[PDB]
Amino acid sequence: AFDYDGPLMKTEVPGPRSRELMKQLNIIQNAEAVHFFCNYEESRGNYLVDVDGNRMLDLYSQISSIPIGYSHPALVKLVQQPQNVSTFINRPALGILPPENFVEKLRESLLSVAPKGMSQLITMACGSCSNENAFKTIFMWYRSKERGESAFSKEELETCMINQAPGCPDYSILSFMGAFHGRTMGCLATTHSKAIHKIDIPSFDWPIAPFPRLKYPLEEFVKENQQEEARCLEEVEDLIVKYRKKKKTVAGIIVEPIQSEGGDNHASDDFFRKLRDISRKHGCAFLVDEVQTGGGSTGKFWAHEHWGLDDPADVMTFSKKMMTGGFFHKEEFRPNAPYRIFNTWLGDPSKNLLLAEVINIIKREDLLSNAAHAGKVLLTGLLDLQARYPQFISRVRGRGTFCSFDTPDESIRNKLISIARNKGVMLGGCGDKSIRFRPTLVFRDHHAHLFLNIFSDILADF
Amino acid sequence: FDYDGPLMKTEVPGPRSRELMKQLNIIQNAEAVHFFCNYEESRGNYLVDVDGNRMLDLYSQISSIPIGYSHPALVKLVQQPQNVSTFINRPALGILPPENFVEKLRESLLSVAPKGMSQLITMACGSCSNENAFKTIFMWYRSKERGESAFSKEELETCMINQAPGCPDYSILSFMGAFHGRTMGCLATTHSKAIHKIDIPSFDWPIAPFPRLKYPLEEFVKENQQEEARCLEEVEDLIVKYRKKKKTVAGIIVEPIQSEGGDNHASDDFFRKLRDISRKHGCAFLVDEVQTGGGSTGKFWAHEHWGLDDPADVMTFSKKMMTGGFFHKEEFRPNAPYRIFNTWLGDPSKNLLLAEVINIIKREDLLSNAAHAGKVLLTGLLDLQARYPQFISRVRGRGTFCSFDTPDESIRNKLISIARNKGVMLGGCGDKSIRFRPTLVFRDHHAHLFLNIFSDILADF
Ligand SMILES: Cc1ncc(COP(=O)(O)O)c(CNC2=C(C(=O)O)C[C@H](C(=O)O)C2)c1O
Ligand SMILES: Cc1ncc(COP(=O)(O)O)c(CNC2=C(C(=O)O)C[C@H](C(=O)O)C2)c1O
Ligand code: FES
């Protein structure tokens with residue numbers, strides 16, 4: 001009801017039924033990315049069931065977006081309630097016609113986990129439009145700094161309509177190499193993960209700073225890592241200055257607490273505190289992307305909480321585990337006029353309904369601390385495996401269950417993933433020679449041990 | 001299923017709505033909020049607010065409610081145990097689709113696919129639909145230019161840092177008065193109102209005139225033909241000019257009926273000629289049916305009115321279709337995975353609802369109904385236009401997709417307010433025009449009800 005006791009394999013993955021369904025789907029669209037087809041009705045807890053009857057320990061959790069496992073009894077109970085039916089079949093335009101329980105349900109969910117210093121909340125449907133509207137909020141804010149208390153000039157008003165200055169300023173958002181912030185054309189400009197994401201798509205001439213590449217083991221590279229982070233910070237400042245000279249002023253800086261798709265790249269809390277200070281120094285809005293790191297896998301609900309700041313950022317975006325997307329922000333960044341930050345749905349109240357219960361479960365079952373613990377067990381296991389197989393494993397790193405390690409090359413990475421999948425464990429890859437772990441929040445230490453045993457055998461027979 | 005009339009108790013917004021708006025205004029700008037709603041009590045064409053008011057809804061959540069509120073078929077859908085999973089286990093559709101994914105697609109979207117378009121990709125809203133359509137078009141164009149060869153090393157290296165040749169300086173041609181979304185790609189092709197555009201970085205992309213027809217149409221045939229010809233010629237000119245600026249037009253995006261720009265119409269001939277121009281210059285033809293799609297014009301997709309066997313290369317949709325996404329020709333199919341991709345790519349629950357919505361639209365013959373009720377509404381509006389020329393002008397529309405102009409700002413706002421207090425919910429476009437976006441269960445007696453109420457309103461104005 002809550003979970004299975006272990007993985008159970010029947011066929012290779014993908015199996016014949018999955019291959020048939022993939023053959024079908026491939027007619028109407030490129031289906032090359034598809035791993036296999038799933039039986040979500042029979043999936044439970046940490047275990048994903050496919051259409052061929054295979055039951056796998058899922059450590060990818062739908063690209064880190066399933067918060068408390070599959071078919072959780074609490075959510076099942078939520079959908080079974082008559083009074084909730086409407087919420088699923090009457091989707092409102094939240095900007096103009098919100099439901100009666102909108103504010104209260106927000107108090108039961110998002111507002112109860114608001115980041116320090118951020119009294120404002122705007123909901124969105126995914127991380128991409130979250131980051132887009134964060135960008136826009138920031139541009140509006142910067143221009144507001146520049147012109148306030150003056151009003152919209154007629155020239156601005158008329159030129160903005162035809163995509164020209166001064167109506168459309170030539171401002172920039174600073175981003176980092178290895179970043180990932182979305183696929184829409186605004187987000188994509190700040191994304192620098194893989195070429196296949198970027199190529200043949202028009203972009204923005206915005207500044208791109210290096211993200212620190214830490215050396216491992218960390219306790220043998222203290223000075224080097226310090227110097228690396230310092231270098232990156234100075235290059236950030238220099239980029240801000242350079243682009244101010246270009247009359248392409250940096251209005252904001254966007255960054256992930258942990259770069260995921262770029263290859264699970266970590267940096268010290270000190271680094272982020274200093275980056276925050278730099279952002280404040282040049283009057284740039286500090287935007288933290290917690291779309292992937294948010295939801296408690298790092299041991300705290302938001303990853304940036306590790307930095308220990310009362311003033312951690314100006315804007316923080318979220319999605320995935322949070323069911324709905326959106327962003328928190330300081331009151332300073334509140335738009336002064338309606339219909340500037342706006343779209344049709346602005347999320348979905350049903351997702352809020354699920355999220356309230358998700359958060360209640362996270363709090364009641366103490367899942368943050370559990371993430372810290374289970375993640376520690378997992379990391380210990382990974383370090384053991386690294387010691388025993390230096391020909392296959394290196395740079396074991398992580399925080400909470402947000403863990404990863406590097407393999408020799410991409411082919412070995414994919415072989416390992418494939419074999420693990422056939423052995424009952426679902427894995428995902430970042431960078432693309434790095435194996436990553438994104439388990440759901442009901443992932444316990446014994447799941448860590450299950451995985452570690454299976455993968456141990458795999459490595460022994462590789 | 002449906003009430004048989006509006007029922008007002010207070011002014012709108014009433015006290016409870018004002019309190020809730022006060023509460024919401026703490027955490028965000030709530031100035032846009034009309035009032036708070038009781039969706040549990042709403043049924044069919046009638047919206048119920050938190051002050052007990054019941055209004056005839058001719059706005060339908062900005063034209064996104066297909067078959068009315070609390071439809072019994074959808075209720076039944078949510079009541080089934082076997083559907084529970086679908087609502088609580090949201091998959092990363094690009095990599096791990098549910099077993100019934102393809103079949104549910106056959107039951108829904110694939111059953112109303114436009115002519116010539118065998119490909120389909122799902123998205124969660126209109127903005128990412130249009131963005132990914134843009135990207136699909138860019139990819140297709142670069143594919144034409146490099147033709148069945150690998151990405152060069154230079155392109156692979158330059159695209160990572162936002163530079164040519166990896167990042168081409170391609171353009172999408174859009175029209176003045178258009179609206180295609182708020183994200184920074186869509187926003188560049190959007191030209192409806194300045195408050196949408198101001199202070200946001202954009203793209204130097206070609207912007208063409210959209211025809212402004214004169215009414216009555218029967219009294220301005222030649223004039224309108226001249227206007228349309230002018231617009232087409234300016235489009236071709238823009239394509240050439242931007243080709244010469246090394247900012248090649250990879251595609252043209254257009255709405256069958258402009259909406260946020262003030263419900264701007266054009267002849268079917270104009271759109272056929274625009275299609276031809278598109279094919280002529282190697283530009284992909286992208287039709288935005290986010291708002292026109294669903295069947296309010298009397299056919300499922302509005303472009304169907306044009307009568308073309310080859311109406312477009314790509315067509316985007318959302319709103320009424322519960323989920324968003326786009327259809328396209330096989331030749332626009334991405335050559336490799338992970339180029340058009342995101343986490344969710346829509347939502348299987350939306351597909352679940354949509355299959356039933358489409359089933360109802362079919363079985364209840366709601367396209368024809370939209371045509372008929374639309375005709376009744378338009379006739380009525382023409383009558384009121386005749387009787388109150390000092391208030392109503394340029395009465396126009398297709399199916400229930402109708403609209404008209406008022407003398408100015410204030411009159412439009414006042415009329416909407418009075419109509420709302422009288423139990424009729426209306427929306428405004430261009431901030432001068434009143435538009436109608438009724439659900440598909442809007443019938444001719446609802447039209448009469450409205451025409452009637454609004455008639456007395458004009459009489460007392
Ligand atoms: C930090 C961060 N910021 C923004 C996004 C975009 O979210 P969405 O996919 O638009 O909902 C994401 C989504 N993450 C994705 C992938 C990953 O981390 O592996 C892969 C997916 C993709 O588009 O390829 C999306 C993200 O992780
Ligand atoms: C033709 C067309 N094309 C794209 C979109 C984008 O849709 P979405 O709001 O991002 O789901 C829309 C959404 N419509 C909107 C409004 C309207 O019709 O008046 C108002 C909303 C807004 O952003 O202001 C979006 C549209 O109508
Ligand atoms: S852009 Fe966020 S849902 Fe379409």
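Atoms within each ligand, like the ligands themselves, are counted from 1 in listed order. Below, each value reflects all heavy atoms present in this structure, side chains not excepted, and no hydrogens, waters or symmetry copies. By convention in this document, chain letters (A, B, ...) are assigned in the order of the sequence lines, proteins followed by strands, and residues within each chain are numbered from 1.
Put simply, the side chain of A:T137 reaches to within 4.5 Å of the side chain of A:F327, judged on heavy atoms. Looking at heavy atoms from C-beta onward, B:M123 lies in side-chain contact with B:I121 at the 4.5 angstrom threshold.
The structure places NZ of B:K350 at 9.0 Å from OG1 of B:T323, a figure rounded to the nearest 0.5 Å. Once rounded to the nearest 0.5 Å, the distance linking CZ of B:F327 with CG of B:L120 reads 5.0 Å. Taken to the nearest 0.5 Å, the CE atom of B:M425 stands 5.0 Å off from the NE2 atom of B:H34. Residue A:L59 holds its CG atom at 10.5 Å from OG1 of A:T440, rounded to the nearest 0.5 Å.
Residue contact check: B:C125 has heavy atoms under 4.0 Å from atoms 10 (O), 11 (O) of ligand 2. Every atom of ligand 2 with a heavy atom of B:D288 under 4.0 Å away is listed here by number and element: 1 (C), 2 (C), 3 (N), 4 (C). Heavy-atom contacts of A:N343 reach the following atoms of ligand 2: 9 (O), 23 (O) (cutoff under 4.0 Å). Interface atoms of ligand 2 facing B:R182, defined by a heavy-atom separation under 4.0 Å, are 22 (C), 23 (O), 24 (O). If you number the atoms of ligand 3 from 1 as listed, the ones under 4.0 Å from a heavy atom of B:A124 come out as 3 (S). Within ligand 2, counting atoms from 1 as listed, the ones closer than 4.0 Å to a heavy atom of B:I62 are 16 (C), 17 (C), 18 (O), 19 (O). Heavy-atom contacts of A:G182 reach the following atoms of ligand 1: 4 (C), 6 (C) (cutoff under 4.0 Å). Atom numbering of ligand 2 starts at 1 in the shown order; those under 4.0 Å from a heavy atom of A:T344 are 8 (P), 9 (O), 11 (O), 13 (C), 14 (N), 15 (C), 25 (C).
In this structure, A:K194 satisfies the cation-pi test against B:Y338, with its NZ or CZ atom closer than 6.0 Å to the six-membered ring centre and inside 45 degrees of the ring normal.
Closest protein heavy atom to atom 26 (C) of ligand 1: A:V291 CG1, 3.7 Å. For atom 10 (O) of ligand 1, the nearest protein heavy atom (residue, atom name, distance) is A:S128 OG, 2.7 Å. Nearest protein heavy-atom neighbour of atom 11 (O) of ligand 2: B:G126 N, 3.2 Å. For atom 17 (C) of ligand 1, the closest heavy atom belonging to the protein is A:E261 CG, 3.4 Å. Given atom 2 (C) of ligand 1, the protein heavy atom at minimum distance is A:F180 O, 3.3 Å.
A salt bridge links A:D200 to B:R339: at least one charged side-chain nitrogen sits closer than 4.0 Å to a carboxylate oxygen. Taking a cutoff of 4.0 Å between a charged side-chain nitrogen and a carboxylate oxygen, B:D263 and B:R437 qualify as a salt bridge. Classification of A:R397 and A:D406 as a salt-bridged pair holds, one side-chain N sitting under 4.0 Å from a carboxylate O.
Using the six-membered ring where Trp is involved, B:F271 and B:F210 have ring planes that are tilted, between 30° and 60° apart.
When only interatomic distances are considered, the shortest N/O to N/O separation between A:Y60 and ligand 1 does not fall below 3.5 Å. Close N/O approach between B:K319 and ligand 2 is found [any backbone or side-chain N/O within under 3.5 Å]. Any N or O atom pair closer than 3.5 Å counts here, and A:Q292 shares at least one such pair with ligand 1. Among the atoms of A:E256, none of the N or O lies under 3.5 angstrom from an N or O of ligand 1. By the 3.5 Å distance cut-off applied to N or O atoms, A:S319 is not counted among the residues near ligand 1.
Heavy atoms of A:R436 approach ligand 1 to within less than 4.0 angstrom.
Taking each of B:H180, B:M123, A:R340 in turn, the one with a heavy atom nearest to atom 4 (C) of ligand 2 proves to be B:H180. When A:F318, B:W344, B:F341 are checked for heavy-atom proximity to atom 21 (C) of ligand 1, B:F341 turns out nearest.
Using a 4.0 Å cut-off between heavy atoms, A:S128 makes no contact with ligand 3 at all. Only the side chain of B:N130 comes within 4.0 Å of ligand 2, judged by heavy-atom distances.
Results of the side chain to side chain donor-acceptor pair (under 3.5 Å) test with A:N131 over A:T190, A:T184, A:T317 single out A:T317 as the only residue that passes. Checked options B:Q291, B:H191, B:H196, B:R435; the residue passing with B:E260 is B:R435 (criterion: side chain to side chain donor-acceptor pair (under 3.5 Å)).
For A:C126, the nearest N, O or S atom to atom 2 (Fe) of ligand 3 falls under 2.8 Å. For atom 4 (Fe) of ligand 3, the N/O/S atoms of B:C128 include one lying under 2.8 Å.
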Please evaluate residues B:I95 and B:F341 with respect to the criterion side-chain contact (heavy atoms from CB on, under 4.5 Å), reporting the C-alpha separation (whole Å), side-chain torsions for both, the decisive distance (0.1 Å), and the verdict. CA-CA 10 Å; B:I95 54 174; B:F341 193 98; 3.9 Å; yes
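Side-chain polar atoms of B:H180 and B:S174 form no donor-acceptor pair below 3.5 angstrom.
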